[PDB]
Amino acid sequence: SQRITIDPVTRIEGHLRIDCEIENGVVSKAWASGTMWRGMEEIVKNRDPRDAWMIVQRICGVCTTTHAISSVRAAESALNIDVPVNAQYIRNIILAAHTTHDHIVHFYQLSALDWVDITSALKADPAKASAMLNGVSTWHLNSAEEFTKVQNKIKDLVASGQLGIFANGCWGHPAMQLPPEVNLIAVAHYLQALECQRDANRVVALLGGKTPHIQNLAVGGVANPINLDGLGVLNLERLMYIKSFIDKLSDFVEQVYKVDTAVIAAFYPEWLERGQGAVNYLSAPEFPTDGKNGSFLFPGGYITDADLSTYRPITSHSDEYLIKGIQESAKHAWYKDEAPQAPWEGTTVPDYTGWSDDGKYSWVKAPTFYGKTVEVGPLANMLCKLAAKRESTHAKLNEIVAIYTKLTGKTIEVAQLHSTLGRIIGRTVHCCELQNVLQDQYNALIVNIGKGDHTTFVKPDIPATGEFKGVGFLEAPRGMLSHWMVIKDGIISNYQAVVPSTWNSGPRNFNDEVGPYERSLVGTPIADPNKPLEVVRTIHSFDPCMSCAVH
């Protein structure tokens, strides 16, 4: 009956519009619209297959590295290239360190201000706030003195009358449920987070040549020259430098980020009971550790009907079962060809028609897996890992649950994971486990170089005639990413990216089933239709990136 529009949705990457019909103070129906398009797929067309990765990396700078690695993996797939294991180690370290930065920034910088009220933080007692964390975290930066310094900075900001990016937020909104002390705690951690994410990106920088947008990849491997005894190249001194920053990540992640996830859950228990986006989940296995593009540290798979017992493992990026299931439809998106397309035969021809509730209303395609809509991302990757009985994942999840139980005396069942907070929890678990990925691969790299292997690159043989098809999967921070490349006569004849936020933010598909953002919102209560904080809360839990979703 009542219709609202949130445009722009803020604190995500890119341009997102969300419309909702509201009935009896509850949203009954929703639309997700990606409102900006560049045509990155057409831009890469007709180029040398080796050029692609540098160009399509620019699909997105928040999830930098991701499109770059997927692109080379797709060309490598097309050309049957076995990636040198050293290049694997390096790709993995970059991906894990980037995702650490990415998740941290999402929890704090992009999402926290949905749950945290800064004006309430001003009212807090720093000593009380610090005392609340006794026995809860061993973090060394939870002192009343630290919290006072933070409070004073907020105080000075508000005092100036220039609140800037904090101006006109949902302060005093009834859905804000943290007490003053917890608000202050979260703001202190928001500021501390910024240091930790900088450290993660220094790892990325030292291997990639910079960030945003790494520049050390190749179809065939990496451009880092390993030589322990060489000046100006990747030697032991550079490797030690990398390790120095890797070692600076785990304390904030374990003692702050992991802990805050639980305390937010403690004060927002209902948010374990709404925001479910799907009953189907997909993730690709990740971090290959051999010389044949396999042996993944992280498992992937497919789950249906919200039932972990249906788990179908996926352990190869060459798995036909995964490759054959994926299609996209523009039935309700601004492209001319509407029937489901397999990405190798994918088309992307713009047909902008304006907004239509029953027609087209987005630049995002609607992907499907064997016809079904599916949620991708940390909730998906966590569910799969749990279904896989991966001990590390259960233990890490249990650590978060225990803190919650310590704070609430209640518990969290796997059923409650299908929710806005469960999705957030999945992201935290992912960041936590990735710290062991960093250590593992750093060591693997060091030991391999000491065996005498310094190989980083295999030159690709690109036939001047003939057709070749390749697909590069990658489990990105926001979910399963796939780049699909067709080579014909030495150049790229087709290129399609199916990006994690495409899956999640996709509009109604060919069989008119709503996408995950769209489903997640149904049933969300709205205290104020002009300030729909509750909607923004569920949408942010998906970590939207619209440059990614639309490209």
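Start at 1 and count along the sequence shown; that's the residue number.
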Of 120 to 128 and 245 to 253, which one has the bigger average CA B-factor? 120 to 128
On mean C-alpha B-factor from the PDB entry, just flag whether 516 to 524 or 44 to 52 is the higher one. 44 to 52
In terms of recorded Cα temperature factor, pick the maximum from 93, 200, 262, 414. 414
Can you tell me which of 354, 208, 472, 378 has the highest Cα temperature factor in the record? 354
Lowest, middle or highest third: where is residue 67 by C-alpha B factor in its chain? lowest
For residue 500, return the chain-relative third of its C-alpha B-factor as stated in the PDB record: lowest, middle or highest. lowest
Residue 6 CA temperature factor, ranked by third within the chain: highest
Based on the entry's values, in what third of the chain does the Cα temperature factor of residue 543 lie: lowest, middle or highest? lowest
CA B-factor ranking of residue 81, expressed as a third of its chain: middle
